[PDB]
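The structure under discussion appears below in the form of structure tokens.
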Amino acid sequence: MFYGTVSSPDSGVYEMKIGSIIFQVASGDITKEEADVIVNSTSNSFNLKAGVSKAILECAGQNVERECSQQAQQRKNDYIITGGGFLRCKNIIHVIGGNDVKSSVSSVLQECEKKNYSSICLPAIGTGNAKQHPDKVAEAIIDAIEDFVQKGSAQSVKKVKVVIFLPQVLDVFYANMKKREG
Ligand SMILES: CCCn1c(NC(=O)CC)nc2ccccc21
Ligand SMILES: [Cl-]
Ligand SMILES: [Cl-]
């Protein structure tokens with residue numbers, strides 16, 4: 001009841017509508033992206049610096065690293081929201097890579113509506129240090145967006161883009177989109 005047609009609007013970018021949201025995938029360097037929110041896939045201590053989390057914390061800077069540890073030593077967090085530092089975003093949302101990916105993406109969507117944000121960029125959450133399988137991760141990300149549209153919750157959010165480090169993982173996401181297409 002929600003899916004549009006899969007097409008390529010720009011070289012290396014693939015998209016489809018999911019209700020009112022445009023869902024996009026591409027391979028590349030997530031630290032070069034501009035969006036209201038960029039998502040970091042990290043550990044339960046919010047201080048992983050390996051793979052995509054290394055690139056995100058290095059680019060963002062030490063004030064963001066200090067924000068993460070300051071919040072981590074205050075309460076038990078499922079995820080944390082910090083400033084963007086020297087990334088091109090308004091906030092970073094740091095999610096735990098080993099957690100249920102559908103739950104993590106649902107939380108990101110809800111927090112973006114609370115701030116009236118329109119754009120999100122995320123990596124293939126859980127496929128790095130957490131070693132979750134790429135088709136399970138693709139299925140979970142897209143299912144979270146579908147549920148969000150189905151509940152009537154999308155109002156400010158208009159664009160969700162996954163920027164994926166390994167081209168082989170992009171191929172898995174594209175196949176999942178084609179399975180769903182309207
Ligand atoms: C040697 C390649 C390591 N690597 C990075 N590196 C970066 O993101 C740059 C520091 N991301 C990955 C994502 C998935 C799998 C391996 C990854
Ligand atoms: Cl991960
Ligand atoms: Cl990735």
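Heads up, residue numbers simply count up from 1 along the chain you see.
Just so it is clear, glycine is given a Cβ too, placed from its N, Cα and C backbone atoms.
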- Item | Co-listed glycoprotein 3-binding residue [Swiss-Prot; alongside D29, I30, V52, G126, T127, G128, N129, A130, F165] among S41, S69, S153 | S41
- Query: So of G126, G128, which of the binding-site residues has the fewest other Cβ atoms within 10 Å around its own Cβ?
  - Reply: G128
- Item | C-beta crowding around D29 (glycoprotein 3 binding site), within 10 angstroms | 11
- What is the maximum Cα to Cα distance, in Å and rounded to a whole number, among the residues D29, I30, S41, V52, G126, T127, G128, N129, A130, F165 annotated as binding glycoprotein 3? 20
